[PDB]
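Taking it in order: structure first as structure tokens, then the write-up.
Just so it is clear, none of the values below were taken in a lab; they were calculated from the coordinates. As a convention, Cβ positions derive from the backbone with ideal geometry for all residues, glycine included, and neighbour counts pool all protein chains shown.
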Amino acid sequence: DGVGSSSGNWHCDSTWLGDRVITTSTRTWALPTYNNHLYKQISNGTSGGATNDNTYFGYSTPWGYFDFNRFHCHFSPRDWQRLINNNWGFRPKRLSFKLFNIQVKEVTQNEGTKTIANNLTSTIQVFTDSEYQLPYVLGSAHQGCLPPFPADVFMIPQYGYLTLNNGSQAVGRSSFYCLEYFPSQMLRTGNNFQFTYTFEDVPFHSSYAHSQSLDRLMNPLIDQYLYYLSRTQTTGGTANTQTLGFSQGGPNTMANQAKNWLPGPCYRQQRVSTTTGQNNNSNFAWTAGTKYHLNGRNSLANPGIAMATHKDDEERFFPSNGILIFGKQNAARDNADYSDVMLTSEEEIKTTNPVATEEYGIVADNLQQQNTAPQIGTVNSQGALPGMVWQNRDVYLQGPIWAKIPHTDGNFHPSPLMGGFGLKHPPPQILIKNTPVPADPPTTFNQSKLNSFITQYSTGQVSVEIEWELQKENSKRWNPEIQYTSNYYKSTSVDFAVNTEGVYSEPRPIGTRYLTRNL
Amino acid sequence: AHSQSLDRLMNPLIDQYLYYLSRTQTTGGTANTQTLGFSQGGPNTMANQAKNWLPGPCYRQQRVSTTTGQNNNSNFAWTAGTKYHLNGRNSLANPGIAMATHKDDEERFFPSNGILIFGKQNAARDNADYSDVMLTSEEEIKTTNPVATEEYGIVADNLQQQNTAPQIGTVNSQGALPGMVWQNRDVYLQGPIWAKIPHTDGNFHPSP
Amino acid sequence: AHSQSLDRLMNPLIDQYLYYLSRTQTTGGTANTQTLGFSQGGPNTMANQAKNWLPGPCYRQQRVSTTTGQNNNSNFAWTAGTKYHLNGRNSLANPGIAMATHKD
Amino acid sequence: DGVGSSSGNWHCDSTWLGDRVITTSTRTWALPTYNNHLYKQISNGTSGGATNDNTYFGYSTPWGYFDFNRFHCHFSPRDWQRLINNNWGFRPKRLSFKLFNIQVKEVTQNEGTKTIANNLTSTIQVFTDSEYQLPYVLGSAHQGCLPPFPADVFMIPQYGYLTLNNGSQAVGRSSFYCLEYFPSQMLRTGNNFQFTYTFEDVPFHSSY
Amino acid sequence: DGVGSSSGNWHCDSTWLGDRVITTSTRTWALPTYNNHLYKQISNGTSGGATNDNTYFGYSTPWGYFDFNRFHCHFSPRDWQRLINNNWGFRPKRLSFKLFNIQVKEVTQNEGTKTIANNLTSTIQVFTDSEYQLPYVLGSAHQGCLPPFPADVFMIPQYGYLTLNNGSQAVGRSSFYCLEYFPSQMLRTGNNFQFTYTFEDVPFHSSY
Ligand SMILES: Nc1ncnc2c1ncn2[C@@H]1O[C@H](COP(=O)(O)O)[C@@H](O)[C@H]1O
């Protein structure tokens, strides 16, 4: 554990062992001093432009955090291809995390000339929130996760949290946390940190698409023995009067046939087209957005429960806030063009799940009578009904992996809505900070806290290893499956590769569901 | 079959210690103004009593009578049928979730596509007469499950105010709510025994 | 009691990497036409941010005030009561599923 | 015990064990050179404004001292809440003190441009007055105790003492102490110091 | 494995054992940062002067490589004379490779005055493509092999590779490689690297 001796090696690999795959990656990082060494109160209120829906109360902290909750932190594009093309399912089993080769540097600025030097005796502090005592800020799809491309050097994100608020104000229940009230390791150059974690049992992700649909599980050639009411009135001529007629479900009457199951739940969303001409001329993104109402505050249900993006033959349509959208490289933060972003599609689940932009179904609204014609209602939100079966949202190479399930008395089907695996005891937050080094103090005692510090940053490498369990395919299907493939024909550059300018980009979103399964 | 019903699980002889809002306005004369009055649930107030549980889920269906004269004169079997919508295709929810076929004293009524019907021997395939088929009844479950042809219940539609009278909504489809208890559909000698549960990520109560 | 709320589980300081549809129409002048605009959720846009969870179930009930003057002048305790219907009989859902009594 | 290796870790916690509670805290500190490396005689007398009630004779020293004699050095506000709300009494039993991760720095000033660098070979000296042979200046409610808030960085207080005086003058009985006449540990970066202490029996405080 | 301790010694010798000869050489090297830390796409096409015969698509990388594939890397002229004058044939049997005495330096430029200093805590990374998973760029007679003369100090060559192209364009089959997706050793000053290799059977060269 010396100044001149390395404390880690570079591990970035994948190994496939038939029923498992193990992924390792190492990246280089830089950490600044954040917040000037201070915790600060932050709020947003209703004054000025601001609106109720957007209020908060919280704190920002001197700490930074390590995030690897994006699939491409771990899987190279080819590796992801191996996985999706060949397996029915996968899930995480365990992980190894390492921090090594720490360098702490002090930067000196005089006279417009800046110089950087090592500070050999400085420390950084690290800890894991093993007991989940801090607010869990992973699982909100933030930036600052390790880069997809290994050669890229990245900056650690700042840590901050939120509590209860009224407008811009705190309430009694509001909580303040100091991270310095936790035990942490202090490392100088030459020291290292590691920890090991085991994933809890969780269901395999479905890397498959159904090749059957709920409404067509019968034998095409045979009638049912079960009747349905087929006629309510006679068909003679002008003489028509009420009658009761009953018929047996059959091949040409598949819609009428008795069935055992129901499609999944529905929370209907407005539909927008990629051909702008077909859209209404208003700015309806929020006004027509699909939302939930919590304590006087309205939130987009984005993306909400999983519903098929579009029905047959309507690729142009998407739910206004019902899909995941990734930026293309260098797409702008605000108001990026359609050509600048990539929209995901959940078309694969039309098979068991309702289309996002359409009704669940129809129910009766009234009681018909001789003098009252029957009336119906369109159902646009449907909660869980017995017999319902459904599929979860897909995961993407540039998508999230896990989320912490909130600690509540109850939940229903706690699969994270953005996609991924939901864990009660997810991987713990890892928090890192540079210890403050004071500049020279006054020569006579002053009680006030020191506000003059040396300027420092640190750099190092980090490693993550994850073991994934695979579910092999067992299909008896005769014909070939759909597969993810690279383009055959010539092109200006290779997809999933660098630029002339050295910039890595991921051209498209890649999902998981290529192989198929019966229902 | 249950010999008790969800709405009558109390002791008939004893009051609750729990109050409910019983009066919103005074009853003096012509002078009436708003007030708040609270009362304790009791034997003659069983409907008002506080309770622990809720009836089962609802997907309401049109009602037809075996006495044809009481039916509307249209052919409404599909147009008024209860359906689900999957990928542009509409299917009858036949027979759908289990709900009681009819309430007290109304044996004549059935859900248009909400029961199982068996043919009598040599009944025709198409357009058989009522006398040629046999209709099942799920009357036994009125005890915990909603009647097929009627609403789940009533919810508020608005916020009442001094100038706004309160308004209500009739609930015709109700998904699962905490506290709900229910019974499954019955089986018959000429009925099916089992079904394969579909291989899906999720399901709710997978009784066929 | 929870000291956090479902709608505020994020990091206040960081943007999401996920976009949402933020503009459906242009904002130029009188010339406005349809467009598609997409934005990233952030600190001042917390309502718009993508989220993993949903609030609990709802069976809505009429509201009454302890200040009588603010109530409607009718006796609406049963007529406006929240109920369930079982076999031709109506029962108050009292107290029913758990919902917060009032907001801030 | 190396330049590149840390000698301590950050411990700031509380654990409650039903009949005991253990508190740990760590803070970051800075120490200046005090007095220019010199002991100096100080007095206050009656000349000018000064009054008899306020006279003293004493010395100031190059040393600094560590003070944690304030409850909030050890208890977070919530922890204090746990204690006061639930217990009739409390008292201290034992303590552990550690000093680690020493950095000594040399500051160079030229021409209005100042630069700070490590001095790897420099030492600091520490000792405990185990035998109570020096004037005990703790217990007078001074400033310079560890901060209540863990993130705060603090400056070590200077050590000075008083003896007998007549006006601004010493008397025969007056005593002079040199701290360099005690044995002390010398630590370079990479060295650490610790000691352990046991409290004598004392009555429980009445938190009631 | 320390800052002040050497990790290697200088071996440059030849020993003749009648049926074998063993050659050892040591050279001093310098490695720059290449490509600004970036992989970059490179192509050559048919526009301008360029012709079809000369088109390519490829990448350039931040890495450098070690090349000793020239006989005079290993044989002094007199040694080569001993070999050619007296033997009918020769071939390689095995090799040992070592990297030692690493120094990483940081260069600071201000105001037209440049200064160079050690960075004690910096690393370099090394690896061998044992499984032949990268494009093999040795064997194309490039420059950058160790110098014939031992006293000469040399600069390490940059690593780049080629794939399939159409004109200046990639094709589907075109492959991109990142060297950071391999495991590599990280060494600070004071660390060293070595590996051993055995040649496969191959025919003797005909020195006749
Ligand atoms: N991503 C997830 N993480 C944790 N629990 C889940 C997740 N998705 C579903 N579940 C739960 O696991 C159950 C598995 O049910 P089954 O497939 O019938 O064995 C579901 O019904 C949910 O309660």
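Brief remarks follow.
- For A:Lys328, the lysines whose Cα falls under 24 Å of its own Cα, not counting residues fewer than eight places away in the same chain, are A:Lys490, C:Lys51, E:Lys40.
- Using the Karplus relation 6.51 cos²θ - 1.76 cosθ + 1.60 with θ = phi - 60°, the per-residue 3J(HN,Hα) values for the stretch E:139-145 come to x, 10, 6, 7, 7, x, 7 Hz, with x marking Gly and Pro.
- With both residues required to sit in chain D, DSSP beta bridges show an antiparallel share near 90%.
- Taking a sphere under 11 Å around the Cβ of A:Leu146 and counting the other residues whose Cβ falls inside, with K and R at +1 and D and E at -1, yields a net charge of 0.
- Cβ-based charge dipole, the protein assembly as shown, positive-most Cα from A:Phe421, D:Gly172, C:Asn71: D:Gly172
- Whole-Å distance, taken between Cα centres, linking the stretch D:21-99 and the stretch E:32-108: 67
- In order through the stretch A:111-119: 3J(HN,Hα) via Karplus (6.51 cos²θ - 1.76 cosθ + 1.60), integer Hz, x for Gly, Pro: 6, x, 10, 10, 9, 10, 9, 6, 10
- Label-to-label distance, nm, for residues given as E:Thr115 and E:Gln194 (7 Å Cα→Cβ offset): 3.8
- For the stretch A:434-446, Karplus couplings with θ = phi - 60° (6.51, -1.76, 1.60), whole Hz, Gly/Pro x: 8, 5, x, 10, x, 7, 4, x, x, 8, 10, 5, 10
- For a label point 7 Å along the Cα-to-beta-carbon line of B:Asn163, residues of the stretch C:54-77 with backbone N under 18 Å: C:69-74
- Fewest-first ordering of C:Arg63, A:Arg27 by other beta carbons within 10 Å of each residue's beta carbon gives C:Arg63, A:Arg27.
- Under the combined filter of DSSP loop state and at most 10 neighbouring Cβ atoms within 10 Å, the stretch A:417-519 retains these trypsin sites (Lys or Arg not before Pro): A:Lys476.
- Too-long pairs where the Cα-Cα distance tops 18 Å, listed order kept, from A:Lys114/A:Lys433; A:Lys40/A:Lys433; A:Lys98/D:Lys98; A:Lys93/A:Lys424: A:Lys114/A:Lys433; A:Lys98/D:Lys98
- Dipole magnitude of the protein assembly as shown about its Cα centre (Cβ charges: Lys, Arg +1; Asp, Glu -1), debye to nearest 20: 180
- Taking chain A and dividing mean pair separation by its residue count, relative contact order in percent (alpha carbons under 8 Å, at least six apart): 27
- Dipole magnitude of chain C about its Cα centre (Cβ charges: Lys, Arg +1; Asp, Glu -1), debye to nearest 20: 360
- Kirkwood analysis of the protein assembly as shown, using all unique Cα-Cα pairs, places the hydrodynamic radius at 37.6 Å.
- Taking every DSSP bridge with both residues inside the protein assembly as shown, close to 90 percent are antiparallel.
- E:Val3 long-range amide H proximity, modeled H, under 5 Å: A:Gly4
- Arranged from fewest to most other beta-carbon atoms within 10 Å of their beta carbon, A:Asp394, A:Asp152 become A:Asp152, A:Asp394.
- With the helix formula -39500 (n - 2.57) applied to DSSP H stretches of n ≥ 4, the protein assembly as shown reaches a computed 222 nm mean residue ellipticity of -500 deg cm²/dmol.
- Using C-alpha pairs under 8 Å with a sequence gap of at least 6, the mean separation divided by the residue count of chain D gives a relative contact order of 35 percent.
- Based on C-alpha pairs under 8 angstrom that are at least 6 apart in sequence, chain C has a relative contact order of 19 percent.
- Spin-label model distance (nm) - C:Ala31 vs A:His293, 7 Å beyond Cα toward Cβ: 4.0
- Going by neighbour counts of Cβ atoms within 10 Å, the residues A:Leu146, A:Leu367, B:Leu13, D:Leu146 line up, fewest first, as B:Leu13, A:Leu367, D:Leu146, A:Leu146.
- Scattering profile of the stretch C:54-102 at q = 0.22 Å⁻¹ [log10 I(q)/I(0), Debye over alpha-carbon scatterers]: -0.94
- Three semi-axes of the equivalent ellipsoid, chain A, Cα gyration tensor, whole Å, largest first: 53, 29, 21
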